[PDB]
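Worksheet: one structure, shown below.
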Amino acid sequence: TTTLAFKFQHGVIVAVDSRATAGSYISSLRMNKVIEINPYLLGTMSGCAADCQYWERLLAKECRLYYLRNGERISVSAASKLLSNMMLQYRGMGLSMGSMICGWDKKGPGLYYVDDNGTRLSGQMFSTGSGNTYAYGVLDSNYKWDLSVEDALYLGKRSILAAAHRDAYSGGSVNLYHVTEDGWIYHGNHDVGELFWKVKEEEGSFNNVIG
Amino acid sequence: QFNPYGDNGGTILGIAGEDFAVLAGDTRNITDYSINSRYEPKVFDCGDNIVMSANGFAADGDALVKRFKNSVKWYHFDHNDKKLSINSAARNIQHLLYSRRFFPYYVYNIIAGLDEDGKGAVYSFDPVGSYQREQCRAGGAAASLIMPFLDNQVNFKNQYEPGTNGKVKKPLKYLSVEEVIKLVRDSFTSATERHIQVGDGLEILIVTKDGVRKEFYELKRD
Amino acid sequence: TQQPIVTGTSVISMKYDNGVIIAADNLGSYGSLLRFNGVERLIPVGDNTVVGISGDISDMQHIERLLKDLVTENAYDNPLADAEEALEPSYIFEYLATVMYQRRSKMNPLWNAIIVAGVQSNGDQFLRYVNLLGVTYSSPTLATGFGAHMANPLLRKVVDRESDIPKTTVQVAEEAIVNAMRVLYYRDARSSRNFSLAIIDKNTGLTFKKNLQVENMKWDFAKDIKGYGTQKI
Amino acid sequence: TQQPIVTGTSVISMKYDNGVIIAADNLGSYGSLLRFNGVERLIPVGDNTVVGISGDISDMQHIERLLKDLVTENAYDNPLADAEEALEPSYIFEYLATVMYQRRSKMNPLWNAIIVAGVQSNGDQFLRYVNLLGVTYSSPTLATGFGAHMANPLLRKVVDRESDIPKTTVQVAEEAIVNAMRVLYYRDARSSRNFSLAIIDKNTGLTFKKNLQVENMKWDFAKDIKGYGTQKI
Amino acid sequence: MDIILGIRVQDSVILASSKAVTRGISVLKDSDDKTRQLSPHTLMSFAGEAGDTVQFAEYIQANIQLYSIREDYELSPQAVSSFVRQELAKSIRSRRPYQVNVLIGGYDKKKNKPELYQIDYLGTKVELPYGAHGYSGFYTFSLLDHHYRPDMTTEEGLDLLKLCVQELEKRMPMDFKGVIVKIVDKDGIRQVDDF
Amino acid sequence: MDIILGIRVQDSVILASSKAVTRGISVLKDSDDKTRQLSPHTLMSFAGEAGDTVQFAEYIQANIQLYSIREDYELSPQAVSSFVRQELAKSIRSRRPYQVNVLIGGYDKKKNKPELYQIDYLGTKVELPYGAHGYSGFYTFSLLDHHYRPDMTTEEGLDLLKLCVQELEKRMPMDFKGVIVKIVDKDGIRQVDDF
Amino acid sequence: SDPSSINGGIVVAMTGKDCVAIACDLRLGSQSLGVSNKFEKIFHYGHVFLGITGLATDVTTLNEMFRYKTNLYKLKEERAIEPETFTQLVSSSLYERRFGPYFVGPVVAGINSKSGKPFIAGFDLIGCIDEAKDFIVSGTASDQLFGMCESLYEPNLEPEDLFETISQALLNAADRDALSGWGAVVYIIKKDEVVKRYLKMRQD
Amino acid sequence: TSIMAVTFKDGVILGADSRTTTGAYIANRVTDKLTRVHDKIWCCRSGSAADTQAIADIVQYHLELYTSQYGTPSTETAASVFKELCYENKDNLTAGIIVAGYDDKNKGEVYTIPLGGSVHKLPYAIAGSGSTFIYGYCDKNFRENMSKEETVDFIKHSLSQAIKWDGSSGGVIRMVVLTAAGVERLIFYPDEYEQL
Amino acid sequence: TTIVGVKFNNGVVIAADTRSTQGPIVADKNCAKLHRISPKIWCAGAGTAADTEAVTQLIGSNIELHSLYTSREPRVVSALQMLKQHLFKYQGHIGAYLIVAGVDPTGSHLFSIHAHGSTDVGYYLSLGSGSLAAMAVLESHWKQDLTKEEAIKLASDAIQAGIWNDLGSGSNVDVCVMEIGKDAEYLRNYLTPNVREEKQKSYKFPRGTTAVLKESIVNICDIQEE
Ligand SMILES: *[C@@](C)(CO)[C@](*)(O)[C@H](Cc1ccccc1)NC(=O)[C@H](Cc1ccc(OC)cc1)NC(=O)[C@H](C)NC(=O)CN1CCOCC1
Ligand SMILES: *[C@@](C)(CO)[C@](*)(O)[C@H](Cc1ccccc1)NC(=O)[C@H](Cc1ccc(OC)cc1)NC(=O)[C@H](C)NC(=O)CN1CCOCC1
Ligand SMILES: *[C@@](C)(CO)[C@](*)(O)[C@H](Cc1ccccc1)NC(=O)[C@H](Cc1ccc(OC)cc1)NC(=O)[C@H](C)NC(=O)CN1CCOCC1
Ligand SMILES: [Mg+2]
Ligand SMILES: [Mg+2]
Ligand SMILES: [Mg+2]
Ligand SMILES: [Mg+2]
Ligand SMILES: [Mg+2]
């Protein structure tokens with residue numbers, strides 16, 4: 001995996017790859033690494049697929065129960081903390097999970113990094129998985145708060161592409177999301193094979209690659 | 001030291017059609033270099049138009065199938081004989097597998113059937129319960145041999161239209177049940193040639209709105 | 001988790017037209033020491049089932065008692081205990097298989113390999129294997145330990161697939177089993193000459209043969225064999 | 001680096017007024033198996049030295065040959081080989097000690113513990129120990145293996161220091177050695193009843209006694225001992 | 001986490017804590033606040049194994065806040081530090097100990113004195129004029145030994161702290177991304193926003 | 001040592017190498033030059049196990065200087081890189097292999113072309129437009145993939161290199177104490193004294 | 001850690017009607033990191049072609065070694081070496097390092113200049129010769145290639161048909177291997193003309 | 001293995017089983033473990049089959065060369081050559097050899113060479129995995145100066161019991177008789193010795 | 001592997017399967033395990049494939065030079081002695097398990113040889129992963145005074161037992177018959193009971209299906225004149 005997410009003026013972008021490996025064998029070309037918890041809440045997945053799916057789908061149960069009890073949507077801060085506390089029960093037992101809880105609440109857009117150790121960090125920009133270093137390179141040099149929705153979607157898409165190219169354990173396709181105060185919006189599945197050649201020609205990047 | 005796990009070999013294959021689905025698997029059961037059985041069924045009709053196969057460690061595979069079949073029975077009792085949809089079965093199986101997160105069912109599981117719109121459906125599981133709906137999936141010993149072939153011959157990967165030279169892809173036309181069964185048989189015949197744990201026989205379960213049908217084919221016994 | 005101490009070697013079996021045959025030698029080994037020479041490893045359950053066990057003998061004796069208790073329990077409040085509601089081979093096997101898999105799941109296995117041979121109510125042949133891991137499989141021929149490596153190849157020459165079962169008589173099947181037991185005595189270092197054999201037929205019932213011996217052995221060619229290469233005398 | 005296979009247990013010795021005594025049993029053990037019952041572990045060198053060896057027997061036989069070859073080599077071009085230029089206990093010991101330390105320094109030891117007992121030219125008593133590590137020491141009493149733990153305490157009651165040597169007669173010293181050998185037979189699981197004993201005196205020379213036995217043993221009190229605590233019968 | 005420092009001057013306690021958080025080979029955050037306010041005049045900084053640090057700190061915070069409400073009274077820094085030590089000494093013989101080292105900086109309103117307590121994950125408590133955990137002390141204590149006076153002003157304490165951080169930035173192989181500095185005095189707790 | 005980068009532009013090769021040297025928990029030096037001039041138009045940077053790096057580099061330097069004197073002729077960068085690769089491939093099956101990774105930047109005066117060769121301690125050689133060893137590539141290659149053109153000027157190459165170093169300084173946990181940058185072109189080798 | 005799967009890569013060869021084909025990917029990596037997309041794994045000594053997978057330093061080393069040996073062969077024999085003879089030379093050379101082997105999976109392909117007979121062969125890392133009629137595979141996606149070749153291949157294919165079969169076998173095998181891809185090359189070989197084609201594939 | 005060598009009035013007899021194992025698999029059930037190093041000097045082999053063959057082959061070579069130069073070697077000389085090889089290469093060998101031979105001067109002699117490479121001259125010797133079970137029987141039943149027929153029965157009965165209890169031993173009982181009359185090979189099949 | 005050797009009236013026969021494995025994968029479906037040491041001395045190998053080939057070729061080379069030196073036809077005991085001393089020297093690290101058979105002026109011979117250097121004599125022998133399946137057949141059907149036709153049948157039956165019942169063995173049966181006073185006959189693919197069935201479909205692609213970037217002619221010819 002490579003996953004990323006960042007806050008900006010018009011909400012938060014979420015971009016992930018779709019590759020799944022079992023050693024050096026590519027077990028899946030197209031795996032959904034985002035989870036729709038609620039129209040205003042998203043969760044990314046990196047690490048053990050089973051752990052990511054089970055615990056974040058269990059978070060959704062607990063986030064849903066919050067709505068029924070209080071007649072109000074759970075905050076991103078509270079949702080991330082519930083998840084971190086779950087990880088803390090199975091302390092040292094061998095869970096492998098790295099996720100970003102992305103959403104919009106009363107404080108505005110929210111983004112929290114959460115992992116198997118129980119770490120819970122608030123921040124503007126995060127990237128997880130084996131290819132995060134490649135993604136950070138593109139993000140750090142091109143990120144601004146003043147980004148347009150169109151340019152921001154491209155940045156997250158381009159950042160995953162950078163990782164998919166270099167990292168052997170990242171690739172397949174790119175899944176894009178955009179989180180607004182009216183909820184999250186899916187911006188499609190983009191094959192890296194096609195996207196790479198397209199970006200190469202249009203952007204002029206990847207000069208060293210022949211095509 | 002006691003090793004509670006073992007490897008019974010075998011290979012399974014699930015393909016989702018437009019209005020049908022197939023779940024195939026070889027009938028050979030093995031330990032190390034010995035053949036236990038040349039015909040030991042691996043794909044099962046679990047009721048409600050769902051078929052399932054748990055490949056890997058046979059004892060854990062049999063246990064999981066047994067528990068899911070049981071889960072189907074209790075779903076009828078508890079919810080007024082309601083039909084268990086394929087998506088609901090898949091989620092139920094995730095929770096069956098994750099019960100043993102720290103002492104897993106050592107199996108790669110596949111189920112097949114029809115979704116609530118009547119279209120073909122295949123779901124894939126890892127030993128600890130991560131699952132996803134798929135069009136095509138091979139599991140087990142010879143999974144790495146078969147999957148690339150299906151990427152090419154089912155989803156037409158790396159295939160383009162002559163004359164255009166890489167500009168226009170081969171269009172993703174749907175496959176018939178007769179066409180799918182040909183790809184399944186050729187997949188297992190090829191796997192049998194190059195993998196020692198694959199052979200003896202091939203049993204295919206085909207699922208349509210009419211029900212669950214079986215087909216059997218001999219494989220090389222060496 | 002344990003280690004097996006006193007052990008029993010191969011158990012071999014096969015289906016034939018009207019029933020099943022099962023056999024096993026009468027030895028209880030203690031490592032390389034051939035300690036106990038009067039051990040019965042075929043255990044009948046009623047008049048329709050024989051359970052053949054290999055592996056740890058203390059665990060075998062435990063299983064032997066579970067089966068004896070199973071018969072007692074089935075007879076409780078059961079007027080049809082010797083008729084319609086008698087124990088079937090499939091019932092006895094599934095019980096054992098449940099026990100074996102539960103024990104492996106508690107990391108405290110019964111260190112055995114078991115073959116349940118019998119004939120069902122409807123006359124169908126029953127033959128299935130289960131071991132310490134809870135692994136189960138069925139085949140026209142089944143064998144444990146060394147028998148799997150040496151006996152199955154010989155028995156599969158008689159019944160290579162399901163369609164060969166009706167063509168195989170009890171005389172041919174017994175002959176094949178007895179030959180296999182001789183071959184195992186030639187080649188298995190933890191085997192004995194003395195063995196037991198059981199036939200469960202749908203017409204003639206359960207025939208239990210004890211104190212059998214491997215006979216018609218070929219050793220005479222040994223006199224000509226001298227040295228390990230260049231030695232002539 | 002190796003491991004000892006066939007082994008010899010304790011060698012015990014002590015000084016007395018006119019010489020030294022040394023003794024060792026005639027057993028060659030193979031682990032817990034008492035394999036060889038006719039092994040001589042005291043090896044005389046001339047008429048003034050006896051070398052007692054414990055530990056690996058194959059290495060003992062090697063040393064036995066080095067000593068035999070040493071005597072041969074000393075006689076070469078030596079008209080005084082049976083007189084002034086004969087082999088002394090101190091020469092024989094220092095040779096062995098040189099060999100033992102060299103072998104340990106090549107990480108390929110002679111897996112032994114050796115005691116060289118003898119009388120020098122000037123009548124002085126010689127008694128010194130050397131082992132696989134090349135470690136050497138001298139004392140009025142010396143013993144290897146179990147003998148160090150059980151025999152030395154008994155022998156040190158007779159000769160506790162250097163000044164007790166002139167006060168100790170050969171009859172007292174032999175009596176003490178023989179008692180110690182009995183005690184070792186009672187308590188050492190790798191010992192035997194049969195042993196050899198050698199006396200090297202400055203007046204009467206070398207007396208080599210073979211086929212000795214442990215006698216006057218106390219066992220009768222065993223009949224009264226019953227159970228391990230509460231048992232009366 | 002990495003570096004946490006503490007210095008007690010004439011009329012205040014100053015805590016400096018690194019901003020970096022690292023997962024694998026990547027620095028995830030460079031603005032992390034490794035501290036929790038236990039009471040209006042008591043601050044606790046922390047460093048140790050991932051996750052454990054914050055859980056422990058928040059668990060302590062909850063307990064002290066509960067006490068404050070129940071009694072309508074603020075516990076002395078000494079009393080809080082003893083409570084924390086006991087929780088850690090209890091923890092070290094548990095099935096899975098909490099691997100957290102802490103510094104507790106507080107102003108005792110009764111005695112009108114600043115107080116600094118250093119407690120490691122074993123439950124080893126010491127009251128000090130200046131303290132540190134991990135390797136931080138190896139680089140900094142020589143400077144503090146030389147320059148520290150007990151009659152120092154808060155401004156002098158900050159200058160001496162800058163010198164310590166500069167030495168760390170020169171001789172430590174790890175980039176800890178600077179420090180967040182907080183002051184604890186009679187008027188409460190405040191953060192130095194420019195350092 | 002830690003980070004060594006390399007980039008080949010239109011008419012030159014630029015090598016950037018970290019300045020830090022660490023023993024135990026202490027940074028001994030922050031001005032170390034991890035490079036050797038093999039010939040007037042060939043420069044080799046290096047990174048690997050302590051000691052081995054310099055010995056190997058100096059041993060190569062001596063061999064190339066010997067060749068230059070014997071033949072009164074400068075070996076091509078390609079020829080030098082092949083010689084170096086062979087020495088490393090020879091080394092990897094030795095009793096105690098030399099654990100050194102290198103970048104060879106040279107200007108071929110015959111072809112009038114800059115050339116950059118990346119060789120690891122196994123003897124794995126590759127000619128590249130830009131290269132790195134260790135973890136350096138994980139952070140930097142995404143930027144280079146995006147921004148690199150083959151017709152770049154030396155000044156544009158330095159600006160792109162600054163961006164790479166800035167990204168390293170942000171996301172690497174280790175403080176490598178900046179880099180020494182050197183340029184290899186038709187006129188020879190020179191050091192950029194302000195970076 | 002495993003030397004045969006650090007750098008990654010694949011090679012496949014096929015026979016056709018009066019022709020042979022050999023193909024390889026272009027990736028060189030350091031485990032997860034992709035380093036080069038121009039690392040060709042097929043070399044030729046006269047009309048004999050050799051593909052080598054595995055540890056890249058040994059691939060490079062062996063190429064230089066067989067170049068050395070085939071150039072001397074030619075000087076002494078006064079003729080180019082043939083595929084059958086070269087295959088034995090490869091086997092000899094690998095087995096001479098029996099207890100310190102090159103971590104490689106070589107593949108020979110060529111047409112005998114005298115008989116006109118197409119020839120392919122594969123080896124294990126210590127020299128065991130696998131002389132196949134149909135196809136030879138090697139690399140980190142060897143399992144994948146076996147599956148593709150075994151189903152796609154049919155005998156007596158014409159050069160331009162064989163090209164499509166071997167290309168699709170390589171491409172789709174590489175796309176199920178993390179350590180293979182980043183470009184591909186296919187050699188089509190006839191008795192006195194050889195065509196080399198670079199394939200367009202996904203770059204992830 | 002179960003092997004033994006026994007001296008008697010007219011000379012010496014060697015005896016052995018015929019089972020060779022690889023774990024629990026009997027790789028050879030008709031093995032000849034009685035091997036000739038000289039006309040009337042034979043040995044019984046136990047331990048590693050490769051090691052004991054390589055040794056016996058070297059010994060045979062040494063004694064053939066001895067014979068060419070110095071005439072017929074003694075049984076003691078043969079045992080010394082075995083010992084020298086077994087002792088000096090003890091770290092790399094696993095060989096338990098019994099040496100038996102007939103001189104006219106010394107008559108029947110038996111030397112056993114266990115693992116360490118020590119030598120032990122005995123009236124009779126037993127070795128191999130199956131020997132453990134017959135230490136009691138052999139000690140109680142052995143007499144010096146037995147007849148040929150008595151010695152054959154003693155070996156037959158002894159190895160019969162060793163085979164009965166040891167899974168590593170089995171097959172036929174081979175014997176080699178060494179006397180002034182010459183060299184006689186004997187064989188005894190299971191049906192004969194099992195009923196004893 | 002499965003390999004066997006069987007003695008008969010006037011000679012000896014050896015046989016082998018044709019499967020070679022790399023893990024659970026079949027590397028070669030029709031490999032050749034029957035190796036020639038000399039014209040009338042052949043041996044079958046199991047274990048490390050390259051070791052069985054190399055050790056056989058080395059000894060065969062030295063046997064040829066010996067035969068030339070002595071002006072005599074090579075003997076099986078010579079090949080056996082040379083093989084065991086070579087294998088013993090390498091302490092099992094050369095993983096060659098061989099069945100050596102042949103005819104020479106002394107007669108007909110059959111030996112087995114393990115990787116550590118131990119040799120073994122017999123009338124019938126089997127080696128490899130399928131040796132137990134094969135030995136079961138040999139123990140069931142072997143007898144003294146076999147004819148040539150009976151021995152070939154027994155040998156191939158023994159190999160089949162390995163092919164069908166052992167996963168480490170498969171494909172075809174190779175045989176070599178060595179009879180006294182005759183040329184040795186090598187019967188490559190004596191049996192072929194594992195031919196693949198016709199595939200259901202042809203996977204021949206339309207020309208132009210694969211995307212291409214560049215094309216170029218490769219110069220294989222030498223530097224040209226003029
Ligand atoms: C990239 C691909 C790194 O490989 C991502 O991290 C990816 C994230 C992801 C998230 C949700 C859904 C799919 C994929 N991770 C994986 O694909 C993951 C890699 C991984 C395996 C094991 C780990 O330690 C437990 C950590 C990471 N792959 C899987 O989870 C695969 C599909 N399944 C398994 O590994 C299941 N195991 C369970 C035990 O039996 C053996 C196989
Ligand atoms: C009985 C069976 C066991 O002690 C005998 O000693 C017997 C003696 C014998 C056999 C054949 C020819 C002459 C004499 N020995 C064996 O059958 C022997 C068992 C053994 C093996 C290895 C040993 O230590 C290294 C000790 C005893 N069998 C073998 O040597 C067989 C042929 N080969 C193997 O078991 C293969 N081994 C070789 C050593 O490394 C492990 C694999
Ligand atoms: C059957 C197939 C064993 O499964 C046979 O013994 C067969 C014999 C044979 C002889 C000549 C020609 C072809 C085949 N052996 C193999 O096919 C052998 C299997 C094997 C693998 C590993 C082993 O331990 C190291 C022993 C046997 N296959 C090979 O040797 C293949 C070609 N090579 C490798 O797997 C690479 N080896 C080289 C040796 O070092 C370990 C990896
Ligand atoms: Mg990638
Ligand atoms: Mg198969
Ligand atoms: Mg490199
Ligand atoms: Mg790839
Ligand atoms: Mg026996």
Side-chain angles (χ1 to χ4, degrees), chain A residues 1-5 13-22 25-36 42-46 49 52-53 100 127-132 134-135 138 153-178 184-203 205-206 209 211, chain B residues 16 122 124 130-137 147-148 150-152 154-160 169-172, chain F residues 142, chain G residues 34 171-172 174-178 180-182 200-204, chain I residues 211:
Chain A
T1 306
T2 311
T3 71
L4 75 288
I13 302 301
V14 172
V16 302
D17 75 317
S18 77
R19 185 162 279 175
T21 20
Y25 175 63
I26 300 173
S27 61
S28 197
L29 306 172
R30 204 178 154 174
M31 205 117 191
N32 196 196
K33 285 167 181 183
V34 178
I35 188 217
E36 34 243 323
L42 288 171
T44 62
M45 303 179 185
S46 80
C52 284
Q53 287 186 5
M100 289 162 298
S127 185
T128 80
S130 43
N132 76 108
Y134 308 104
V138 183
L153 283 159
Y154 182 70
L155 179 56
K157 187 211 267 183
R158 176 65 184 85
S159 294
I160 292 290
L161 180 69
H165 182 46
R166 286 290 185 172
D167 186 26
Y169 301 101
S170 290
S173 51
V174 185
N175 283 124
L176 263 173
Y177 285 80
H178 178 216
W184 61 248
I185 304 169
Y186 184 48
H187 279 244
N189 174 264
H190 306 240
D191 187 70
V192 177
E194 294 164 23
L195 175 59
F196 179 83
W197 294 126
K198 174 182 166 94
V199 170
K200 181 177 166 47
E201 188 172 20
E202 297 183 358
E203 204 167 58
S205 55
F206 302 102
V209 190
Chain B
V122 165
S124 211
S130 76
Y131 84 93
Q132 177 177 355
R133 196 194 173 165
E134 279 171 340
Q135 198 159 115
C136 208
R137 168 64 75 189
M147 280 301 290
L150 277 27
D151 295 345
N152 183 234
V154 180
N155 302 315
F156 307 122
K157 289 278 155 73
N158 297 111
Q159 287 203 253
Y160 296 91
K169 303 212 298 280
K170 193 183 187 185
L172 312 181
Chain F
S142 57
Chain G
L171 257 36
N172 291 285
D175 289 350
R176 282 280 172 182
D177 185 26
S180 293
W182 261 26
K200 184 156 189 164
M201 65 182 296
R202 60 188 307 120
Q203 299 294 307
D204 63 346

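Labels below follow one simple rule: chain letters A, B, ... track the order of the sequence lines, proteins then strands, and each chain is numbered from 1.
- Between the CG atom of A/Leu161 and the OH atom of A/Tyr154 there is a distance of 7.5 Å, given to the nearest 0.5 Å.
- In this structure, A/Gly172 and G/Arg202 approach most closely via the heavy-atom pair O-NH2, 2.9 Å.
- Salt bridge present: A/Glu202 and A/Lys198 bring a charged side-chain N and a carboxylate O closer than 4.0 Å.
- Contact record, G/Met201 with G/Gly181: CE-CA, 3.6 Å, taken as the closest heavy-atom pair.
- The two residues G/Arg176 and A/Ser27 come nearest to each other via the heavy atoms NH1-O, 3.2 Å.
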Decide yes or no on side-chain contact (heavy atoms from CB on, under 4.5 Å) for A/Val34 and A/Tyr186, but give the supporting numbers first. CA-CA 10 Å; A/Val34 178; A/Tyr186 184 48; over 6 Å; no

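- Contacts of A/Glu203 classified as salt bridge (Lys or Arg N to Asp or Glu O under 4.0 Å), with partners at least two apart in sequence or in another chain: A/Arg158.
- Of the possible donor and acceptor atoms, one in the side chain of A/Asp17 sits under 3.5 Å from a partner among the backbone N and O of A/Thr2.
- Distance alone, capped at 3.5 Å, places no donor-acceptor pair between the A/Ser127 side chain and the A/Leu4 backbone.
- Here the closest heavy-atom approach between residue B/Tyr160 and residue B/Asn158 is recorded as CD1-O, 3.8 Å.
- At least one donor-acceptor pair closer than 3.5 Å links the side chain of B/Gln132 to the backbone N or O of A/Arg30.
- The shortest heavy-atom contact between A/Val192 and A/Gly171 is CG2-C, 4.4 Å.
- With rounding to the nearest 0.5 Å, the separation of NE2 in A/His187 from CG in A/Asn175 is 12.5 Å.
- With rounding to the nearest 0.5 angstrom, the CD atom of G/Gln203 is 8.0 Å from the CH2 atom of G/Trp182.
- Distance check, rounded to the nearest 0.5 Å: CD of B/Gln159 to CG of B/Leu172 gives 10.5 Å.
- Between A/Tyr177 and A/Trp184, the angle of the ring planes goes over 60°, which puts this pair in the perpendicular group of the 30/60° scheme.
- Counting heavy atoms from C-beta outward, A/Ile13 and A/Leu155 have side chains that stay 4.5 Å or more apart.
- A salt bridge links G/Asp204 to A/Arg19: at least one charged side-chain nitrogen sits closer than 4.0 Å to a carboxylate oxygen.
- For the pair A/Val209 and A/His165, the minimum side-chain heavy-atom distance is below 4.5 Å.
- Within a 6.0 Å sphere centred on NZ of A/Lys200, other residues, nucleotides and ligands contribute more than 12 heavy atoms.
- Under the 4.0 Å criterion applied to side-chain N and carboxylate O atoms, B/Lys157 and G/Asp175 are not assigned as salt-bridge partners.
- Considering every non-hydrogen atom in both A/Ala20 and A/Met31, the closest pair reads CB-SD, 4.1 Å.
- Results of the side-chain hydrogen bond (donor to acceptor under 3.5 Å, both in side chains) test with A/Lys33 over A/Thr3, A/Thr1, A/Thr44 single out A/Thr1 as the only residue that passes.
- Interatomic distance, G/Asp177 CG to A/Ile26 CD1, rounded to the nearest 0.5 Å: 6.5 Å.
- Formation of a donor-acceptor pair under 3.5 Å by the A/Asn132 side chain with backbone atoms of A/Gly129 is found in this model.
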Would you please test B/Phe156 and B/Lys169 for side-chain contact (heavy atoms from CB on, under 4.5 Å) and show each step? CA-CA 8 Å; B/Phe156 307 122; B/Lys169 303 212 298 280; over 6 Å; no

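- Put simply, the residue from A/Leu176, A/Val174, A/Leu195 that forms a side-chain contact (heavy atoms from CB on, under 4.5 Å) with A/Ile160 is A/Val174.
- The structure places CG of A/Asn32 at 13.5 Å from CZ of B/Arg133, a figure rounded to the nearest 0.5 Å.
- Under the side-chain hydrogen bond (donor to acceptor under 3.5 Å, both in side chains) test applied with A/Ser18, the options A/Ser173, A/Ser170, A/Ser28 reduce to a single match, A/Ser173.
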